[PDB]
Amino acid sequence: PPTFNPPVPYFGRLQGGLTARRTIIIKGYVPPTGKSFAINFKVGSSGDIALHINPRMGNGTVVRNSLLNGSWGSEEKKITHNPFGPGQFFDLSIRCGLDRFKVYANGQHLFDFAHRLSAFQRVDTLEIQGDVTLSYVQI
């Protein structure tokens, strides 16, 4: 998929895998009629999701979880701000740290997500699906 105006669903290969210090940029638009989209940091061969980010416009929630061997873990929903309202442009920054994913939206800290798949270098797929339009995705 291209870096600029990639269509959804976006399927991108993280070559060498998710290494520490790896920063993924997503700039995009939530349509006015959008219900939900997902960003998945996924182990393709197994289907596992180290980090799943699910903005849901219905209740204005930003749901974080992992899918590890067909099990959805505890949901993390705590935010100080929701930048994914209908008709909103967003500049999302996702850094894979040693112990935690670190996610900023429009320069403002959104959430931390402690690693659940400790072996996160096995993540080789970035996937963006659902009610989102993409202007730029940097892997």
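All residue numbers refer to positions in the sequence shown, first residue = 1. So that the term is clear: the rigid core is the largest set of C-alpha atoms that superpose within 1.5 Å between two forms.
Fitting each structure in 6 other deposited structures of this protein onto the rigid core and averaging C-alpha distances over structures and residues, 46-54 emerges as the more displaced of 46-54 and 60-68.
Taking only CA atoms, the mean B-factor in the PDB entry is higher for 39-47 than for the other of 88-96 and 39-47. For the segment pair 21-29 and 118-126, the entry gives 118-126 the higher mean B-factor, averaged over Cα atoms. Sorting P83, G60, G70, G73 by the CA temperature factor given in the entry leaves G70 at the top. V132 sits in the middle third of its chain by CA B factor, as recorded in the PDB entry.
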